[PDB]
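Heads up, the chain shows up twice below as structure tokens, two forms, tagged structure 1 and structure 2.
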Structure 1
């Protein structure tokens, strides 16, 4: 009997099995009676779906059926931590889950909410099915390569290393760049389902693939979106948000900048977090 990496049997948990035969742990927040819409929540690198409890509960409050899974190599899902054969796996897997929920709740509009890496996944999912999603909520999505990490030198170095030693890694992120809310930083640091290990070279290449794929995908992207971004984000530079606003073809696009705020806007200072929740609430309400 298959168990999570934390040794809980999948038979005890909501789950699905992906096209690669890997078990992904699933999470649902269902309203009473008929939901108005579906929304998938797509987490970032190193994290898991459990970190979207509050957001998901608020959205369920609006009579949406919220669903999520932990990406392969994350959380309670199977796979070597923060490694993937190709970035598209993540997209393929989101689509499988979406397709399943649509089977079960047909005729309902479906939305995507993504943060960071999960934001890139959400963009690529929408690009793969033009015209299909009713909307996208992007919290500081991974949109461009960090300028010094993208130096053709290191990109060459990484590609070379990946064929000889892919399980070399770079530094753990400094967790204090995630949020000015030091309470939230502590929680990040003490969540056993978060992988805080350094970024593996083989994964970095896939993150570089994603950024490239997202940029190819922008001029063909038409889905309505709300984009939220902190001005002081050291992980996804605010410049990427302006690039997104400029390149997307979407007729319905809105950007909010949060002055001074870090990366994890939904776990930022209370004044930023309450704004985030409210804005998402309004934006999804008006489109359901």
Structure 2
């Protein structure tokens, strides 16, 4: 008599049979999270986390969102969090987009006729842009927290020279809020290893694809950028503002703020939480 294989486990040895999951096109398991409101959801919203991080970091945002009677759902991108795959490795950047579309396609079927929003930060924001541009007309609304549209020139050129000759980021540039930098540095699911070269060329590659997709955007969106962001240049968010065709487009600059605006100084963070709340609320009522 043949036997079933020993259960599939996350890279932290938890059986997938125990967690919300989905199998992707390459047969890799993805860890999933769901925040479901009491009663009928007004809409669906997918949260796309950034490079090195994981969906767990979006707990508070997602609870506010679910607060407005939306169904929030997320998964960890491949090579992130509790999803399978070599840490911060992807065959091609398009995998992230495809994997989102799959999760949305699934969720839409289970919840027919509901509008769907995207929320992304950083690389997760670049993924949201590409996701939207691949399906013009399909998403109700897009919320972008300092999305990767243009990469910091100082840093990009440094990396390009280093790559041309083939270290971990100073995590202080994340946030003026030093408690949040510390929380980041002590989260076991994060990948704080230096940026591999193959993944770094991929991100500069995504910058290029994002610029090509900009003119094709028609989806409504809210765009939150810090003026002193040393990872995703603020110039990128002006470009998005200029090139997108969306009839419904809005930009908040946070003067002096760094990169992770939902994890910044409370004045900033509270504003970020409020604007997202106001915007999504107006477009679901």
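For clarity, a rigid core is taken as the largest C-alpha set superposing within 1.5 Å between two forms. Positions refer to the first chain, counted from 1. Only residues modelled in both forms are compared.
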**Report entry** Position with Cα shift of 2 Å or more, rigid core superposed between structure 1 and structure 2, options 100, 183, 176, 149
**Finding:** 149
Requested in this report: Please state the CA displacement of residue 256 between structure 1 and structure 2 in angstrom, with both forms fitted on the core.
Outcome: 0.1
Query - Once the two forms are fitted on their core, CA shift of residue 209 between structure 1 and structure 2 in Å - result: 1.7
Report summary line: In sequence order, the rigid core aligned, runs of at least 3 residues with C-alpha shifts of 2 Å or more between structure 1 and structure 2 are 145 to 160
